[PDB]
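# Quick check, what structure comes out for this input:
(8 chains, ligands or ions: 5)
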Amino acid sequence: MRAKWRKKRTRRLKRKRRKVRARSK
Amino acid sequence: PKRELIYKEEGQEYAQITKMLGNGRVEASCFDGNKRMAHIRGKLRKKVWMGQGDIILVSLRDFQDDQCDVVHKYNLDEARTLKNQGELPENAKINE
Amino acid sequence: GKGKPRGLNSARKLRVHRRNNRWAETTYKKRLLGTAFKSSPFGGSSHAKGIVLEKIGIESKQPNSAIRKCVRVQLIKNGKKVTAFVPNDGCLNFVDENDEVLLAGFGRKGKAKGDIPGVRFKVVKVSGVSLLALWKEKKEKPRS
Amino acid sequence: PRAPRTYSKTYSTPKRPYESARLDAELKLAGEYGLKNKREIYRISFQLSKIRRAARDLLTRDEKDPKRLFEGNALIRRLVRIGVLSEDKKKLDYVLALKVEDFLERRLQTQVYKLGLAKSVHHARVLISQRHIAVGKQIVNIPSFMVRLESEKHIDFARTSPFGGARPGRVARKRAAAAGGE
Amino acid sequence: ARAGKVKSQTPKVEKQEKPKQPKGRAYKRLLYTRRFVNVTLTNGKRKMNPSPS
Amino acid sequence: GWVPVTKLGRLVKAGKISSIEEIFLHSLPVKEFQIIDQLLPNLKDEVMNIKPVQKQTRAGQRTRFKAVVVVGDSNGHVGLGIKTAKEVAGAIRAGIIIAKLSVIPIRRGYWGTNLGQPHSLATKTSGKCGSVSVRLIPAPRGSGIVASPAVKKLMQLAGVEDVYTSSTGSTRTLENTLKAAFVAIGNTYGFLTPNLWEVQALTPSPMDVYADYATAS
RNA sequence: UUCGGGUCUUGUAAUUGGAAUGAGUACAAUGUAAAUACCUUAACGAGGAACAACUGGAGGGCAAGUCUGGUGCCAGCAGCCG
RNA sequence: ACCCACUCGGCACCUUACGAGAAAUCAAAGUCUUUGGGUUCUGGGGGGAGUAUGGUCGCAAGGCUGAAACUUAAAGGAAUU
Ligand SMILES: [Mg+2]
Ligand SMILES: [Mg+2]
Ligand SMILES: [Mg+2]
Ligand SMILES: [Mg+2]
Ligand SMILES: [Mg+2]
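Numbers count the residues shown, from 1 in each chain, chains lettered A, B, ... in the order given. Ligands and ions are numbered 1, 2, ... in the order given. Let me share the structure:
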């Protein structure tokens, strides 16, 4: 697996997490 | 030229393949009643190859019930012979 | 001259640098953070007694094939559910269910041994008789 | 809580278990002088090692000056007294050399077999164990006794015990008693 | 039984009635005799424990 | 059978060179094997290890046998031969030959003060081959060979009694370690001591003296 | 000339002999603050079955088995390689 | 404006290695077991993971810092067939 792609996916996951946190707040 | 079947002993019990989980672990349905998470023994990963559902012999462990070990594979002819004998209820079907 | 001030009044920088560097070495880190007390089932002890909850034959790692005759053990002191392997020729004929069992490490400074996946400990003293003794019949089980 | 009694794990292993040649050599040594355990050879080596360490310590510091002259001299004296060191060699560099073979050939173990008495090293050992052999009139049952050269001229059979004229000997006595009734 | 078949299947052969392998210094002596005195028959490279053939 | 090629071989056969010290003095090539055997009859030759060595083909592989051979005495001459042949015994023989050709001197020296006979090295001196640095270090009397097995054996062959070694780099590739050790030993005869400021004569070589007996008739 | 005596020295074998013992038990005596134990010692103590040495190993690392039976990718081993 | 001989400063390059380096290669990656010119900073088997949490600096996307639990005998380099 490409490293760049992995990083992108991680970023997406992070974003999702942030969104979830916001919702919780 | 044709092969011959090996009959069960005690604890070692006939069963059917229901679903392919993976890795060498197959969720098999035993005709005793309960469904089990079975392991394909080393000799069988070599040549023995299953499909969507076949008839098997499975050694059921002395200390665990839900996990067990697939010892032997049965063919269509073998299955029919078993049915004739009366070890299994008449529901086992072979089609590919 | 490479890194380190080969200086003379240099020493604090050197010492601090060493301190900072050390943390990347695993053993030292473990000692300092105190990984022994917070984690790794045993209390940083050699042996721990636990209780035979359920006997499980764990299906071994690759090239090798077999079932590995381990025990899910709930430790008394921490209350952690480990899987302790049991040595030699069955000897679950000694272990049974709901027994007190003394466990050891495996030789691998924690971690995993040989080919058994998700396993960390040997069993030694079952009920207070030691597995080896039971197996070689040098001493025998206290009835029930 | 009076004081701690000072121990010393003296007699010390080699840093690898099995280098075949080493093992063979040690076995040969044991065979030569009849040693119950590798420990004995190891013991001797450790003692020699201590001496060697001391010698090394002395040597690095320039001789003609005090500690080297004095301590070194004392060490030399000690070694000549034990008999291990030879009177030819009183230079400290000679001390630095040496062998286990020098020490083993100076125990009361062999000083029996050299002076005759039993003849065969194992026999000598047996004799020493069985309260035959005194160094003075003080009886010795230490195989690795290390005979102090000037008291070597006194390794004779015990004042008590058979072989050295005292009594028949507890089996001989029994036989005599048996004979008596006939 | 899956739990320890080859221990509860293999035939029992007892330890034979033997003369004592003489302990202490004696064993060492014996070893010495075997290895550096009597000497096992020369071929080139020596063997401590030969299989009979 | 003997039969010499090269001038030096011929000279040796005539028996006008007594010992290899003279040869060493004039740094003479010894391409002919027999010479060393003739001059040093005291050669104790040891095999180290014979790792199989592979080469890949369309079908199967080529298993050659790289055998490390040491050669020595107690006098301070050591050989090192590496050979890779298909037949193992043959390979060993070849290695032996190579080692004999190689054979090199050692400036055995004093630990600290002269006393009696040199069984150490002169100087802390090192080699490095591949990435294995064998350092050796003049140990004092009786303090033995302090070395890993291979190196220890080499030292024994040399006729060194006392040596510390700092073997560093991946010493587990035995061949490389051995080579490094050999290099270090060679180096001994390079470190100009003050025992060496003294001006030499520079002798005319055996090649330039016994010239008429040399060369084919 | 075909040996041989085994003249000189070595080991090995359930064989068979006479000699040593302390570990044991133990009279006293010491030892002790009484007493144990040691150090002395009367008498009694050894004939492989006795007065009985284990622990771990023998693919390699690393000394030591391409022995003899069973198991047959199972049991199980193996600190890694296996 | 060329031309020839220099000469500092640079951007590089070509041969040799007498040195390195594991090697590929390098006039520096040299002057390092014969180890010491002065200094910053960074690394400690691979995964987990540039993750989680906490700080922070961002209008956000994010950045700087940054774990461990687990988990595995390899993951790597540079050459060769
Ligand atoms: Mg054993
Ligand atoms: Mg075992
Ligand atoms: Mg075995
Ligand atoms: Mg070995
Ligand atoms: Mg890391």
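# Neighbours of residue D:12, how many?
Counted by other C-beta atoms under 10 Å in any protein chain shown, the residues lying close to residue D:12 total 13. Using the backbone N, CA and C atoms, a C-beta is placed for each residue, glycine as well.
# all helices for chain D, in order.
D:20-33, D:38-60, D:66-82, D:93-97, D:100-104, D:108-114, D:121-129, D:172-181 (DSSP state H).
# of these, which approaches residue C:126 most closely?
Closest approach to residue C:126 among those is made by helix D:38-60 (36.3 Å; C-beta to C-beta).
# hmm, back to that, compile the helices of chain D into CSV and extend it with columns for mean neighbour count and distance to RNA strand H.
Shown next, in CSV, are the helices of chain D (neighbours: other C-beta atoms under 10 Å in any protein chain shown; distance: least, C-beta to the nearest atom of the strand, whole Å):
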stretch, mean neighbour count, distance to RNA strand H
helix D:20-33, 16, 26
helix D:38-60, 18, 18
helix D:66-82, 15, 26
helix D:93-97, 21, 24
helix D:100-104, 19, 31
helix D:108-114, 22, 44
helix D:121-129, 19, 46
helix D:172-181, 10, 68
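# Mind checking these for the one nearest to residue B:64?
The minimum distance between residue B:64 and those falls on helix D:20-33, with 48.8 Å, by C-beta to C-beta.
# List the buried residues of the helix or strand harbouring residue A:11.
Using DSSP states H and E, residue A:11 falls within helix A:3-24. Of the residues in helix A:3-24, none has enough neighbours to count as buried (16 or more other C-beta atoms under 10 Å in any protein chain shown).
# Repeat that for stretch F:127-143.
So stretch F:127-143, judged by 16+ other C-beta under 10 Å, has buried residues F:127-129, F:132-143.
# That stretch near RNA strand H anywhere?
Yes: residues of stretch F:127-143 are located near RNA strand H by C-beta under 7 Å from any atom of the strand, namely F:128, F:130-131, F:133, F:135.
# same thing with stretch A:6-13?
Yes: applying C-beta under 7 Å from any atom of the strand, one finds stretch A:6-13 in contact with RNA strand H at A:6-7, A:10-12.
# Quick check: the farthest pair among the residues you listed?
Top of the distance list for the residues of stretch A:6-13 next to RNA strand H (C-beta to C-beta): A:6 and A:12, 10.8 Å.
# quick one: is stretch D:72-88 near chain F?
No: legend: contact between stretch D:72-88 and chain F by C-beta under 8 Å from any C-beta of the partner chain is lacking; minimum distance shown is 11.2 Å.
# Need the contact partners of that stretch.
Outside stretch D:72-88, the residues that touch it by C-beta atoms under 8 Å, 6 or more residues apart in numbering or on different chains are D:51, D:54-55, D:58, D:63, D:90, D:92, D:94-95, D:98, D:102-103, D:106, D:146-150, D:152.
# ok so, going back, which among the helices of chain D is found nearest to RNA strand G?
helix D:172-181 (3.3 Å; C-beta to the nearest atom of the strand).
# Remind me what that closest one packs against, helices and strands.
Applying 3 or more C-beta pairs under 8 Å, 6 or more residues apart in numbering or on different chains; DSSP states H and E, we find helix D:172-181 packed against no helix or strand.
# what's it in contact with?
D:162, D:167-168.
# first to last residue in stretch D:142-150, what's the distance?
Length of stretch D:142-150, first residue to last, C-alpha to C-alpha, to the nearest Å: 18 Å.
# That should have said stretch D:144-164, apologies.
Start-to-end span of stretch D:144-164 (C-alpha to C-alpha) is 22 Å.
# and what of stretch C:7-27?
Here the two ends of stretch C:7-27 are set 30 Å apart, with distance taken as C-alpha to C-alpha.
# swap in stretch F:121-129?
20 Å.
# again with stretch F:7-21
Distance between the two ends of stretch F:7-21: 18 Å, counting by C-alpha to C-alpha.
# contact partners of that stretch?
With C-beta under 8 Å, 6+ apart as the test, stretch F:7-21 has contacts from F:2, F:4, F:23, F:28-30, F:32, F:34-36, F:38-40, F:77, F:103, F:105, F:206-207, F:210, F:213-216.
# One more: stretch B:5-15?
B:28-32, B:36, B:38, B:55-60, B:62, B:70-72, B:74, B:78, B:81-82, B:87-88.
# what's near enough to touch the residue minimising distance to the centre of chain C?
Nearest residue to the geometric centre of chain C (C-alpha atoms, centre = their mean): residue C:105, 3.6 Å. If a contact means C-beta under 8 Å, 6+ apart, then residue C:105 has C:42, C:46, C:120-122 as its contacts.
# Tell me how many other residues crowd the residue of chain E found nearest RNA strand H.
RNA strand H sits closest to residue E:2 of chain E, with a gap of 22.9 Å, by C-beta to the nearest atom of the strand. By other C-beta under 10 Å, the residues close to residue E:2 number 17.
# Wait, a helix at it?
No: Residue E:2: not assigned to a helix; according to DSSP: H, G, I helix; E, B strand; the rest coil it is coil.
# Pop out the phi and psi values for it.
Phi and psi for residue E:2, reported as degrees, to the nearest 10, are phi -70, psi -40.
# Same check on residue F:138?
According to degrees, to the nearest 10, residue F:138 has phi -60, psi 100.
# Beta-bridge partners for it, please?
residue F:163 (DSSP bridges).
# so who does it touch?
Contact analysis of residue F:138 by C-beta under 8 Å, 6+ apart lists F:109-111, F:120-124, F:162-164.
# again, 10 Å this time
F:108-112, F:118, F:120-125, F:160, F:162-164 (C-beta atoms under 10 Å, 6 or more residues apart in numbering or on different chains).
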